[PDB]
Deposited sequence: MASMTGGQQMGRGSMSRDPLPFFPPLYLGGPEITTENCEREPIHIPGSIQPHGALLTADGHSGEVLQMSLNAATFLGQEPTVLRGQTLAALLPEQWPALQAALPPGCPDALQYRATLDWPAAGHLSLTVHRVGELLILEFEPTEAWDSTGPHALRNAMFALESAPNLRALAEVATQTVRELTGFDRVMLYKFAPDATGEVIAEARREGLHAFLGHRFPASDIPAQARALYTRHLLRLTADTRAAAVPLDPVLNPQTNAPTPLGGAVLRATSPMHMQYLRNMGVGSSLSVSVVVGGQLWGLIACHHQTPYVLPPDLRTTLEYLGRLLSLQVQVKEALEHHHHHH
């Protein structure tokens, strides 16, 4: 099972008890966005990230009482329709907000049980996706498909390194294609133990298909009532991209000289086939609309991997 998180008197994570860290309930988020939780019926804001005043530009104490109906008049009905009770926690709804202080904010919402998790990130105000889609489909084999995919992602994102990381039947990883800036170590062809991506991350990654660490040296921001008032229990954050990353993985990234990391799951037949895995040497917050393009490419790659492996076999 899982050990309690640290803020509930749980043990420190070591190389011996990796697979057991409750990565989904860290009680904190990354500092390039803000997170609120709220009651699914009343719209009452229950928890907030201690940095919410920066993004929402509103006295920090004003928000805990207010309802979403007050804070977000136009969006609160849509949220109710888009995320009905009993929907999966993988279902997400997104909108762009015109906030008085912070300008354009991207808003991403999902539902876990009776709680709505709301994520706020800055955002901006063409044919590369369509051109990439046709390029992927005309790749003649799996090897060429892998190369086109990593090159395409690098061109869209500017990431210093983009890898296609494939799991073996025992969850050993292999870098089968790589696009990278000149002057980086090549990881192409190298193989890595299964425990570098432990079983509970792999399970989580089969259900929520995008995760990132925008800055491998930034401190996490705690959620208000670390615990959910509804349940007096930790708030599930595995579907929040803003969720804090495991410190173990953050140490691993720093030792690799990586300032920013992002991966997208490739899921084939209900199983985690591999990852589009990205590195940047410096910190790098990919804006939400560009992340959506990678999310689309993830689905397209999942389709094309099946198509291609049906030709191989």
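> Deposited sequence versus model: which ranges have no CA atoms?
The deposited sequence has unmodelled segments at 1 to 20, 146 to 150, 339 to 343.
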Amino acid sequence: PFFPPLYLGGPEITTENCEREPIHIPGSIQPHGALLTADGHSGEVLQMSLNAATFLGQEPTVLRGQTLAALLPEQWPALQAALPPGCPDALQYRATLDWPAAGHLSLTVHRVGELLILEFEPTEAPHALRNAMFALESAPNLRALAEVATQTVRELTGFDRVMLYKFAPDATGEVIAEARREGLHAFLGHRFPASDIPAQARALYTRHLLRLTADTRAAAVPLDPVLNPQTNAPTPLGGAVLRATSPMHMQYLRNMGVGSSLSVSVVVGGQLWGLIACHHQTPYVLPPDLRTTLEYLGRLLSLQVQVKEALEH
From here on, numbers count along this sequence of modelled residues.
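> Taking only the CA atoms, which stretch has the higher mean B-factor in the record, 206 to 214 or 220 to 228?
Going by the record's values, the stretch with the higher mean is 220 to 228.
> With respect to the recorded C-alpha B factors, which stretch has the higher mean value, 245 to 253 or 57 to 65?
Averaged over C-alpha atoms, the B-factors run higher in 57 to 65.
> Which is it among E21, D289, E295, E16: the one with the largest CA B-factor in the entry?
Among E21, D289, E295, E16, the highest C-alpha B-factor in the entry belongs to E16.
> Pick out which of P140, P88, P198, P126 has the highest C-alpha B-factor in the PDB entry.
By C-alpha B-factor in the record, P126 ranks first.
> Where does the C-alpha B-factor of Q30 rank in its chain, lowest, middle or highest third?
Middle third by C-alpha B-factor.
> By its CA B factor, does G270 count among the lowest, middle or highest third of the modelled residues in the chain?
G270: CA B-factor falls in the middle third of its chain.
> Please place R161 in the lowest, middle or highest third of its chain according to the CA B-factor in the PDB entry.
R161: CA B-factor falls in the lowest third of its chain.
> Compared with the other modelled residues in the chain, in which third is the CA B-factor of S42?
According to the entry, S42 has a C-alpha B-factor in the chain's highest third.
> Can you tell me which third, lowest, middle or highest, the CA B-factor of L79 falls into for its chain?
CA B-factor rank for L79: highest third.
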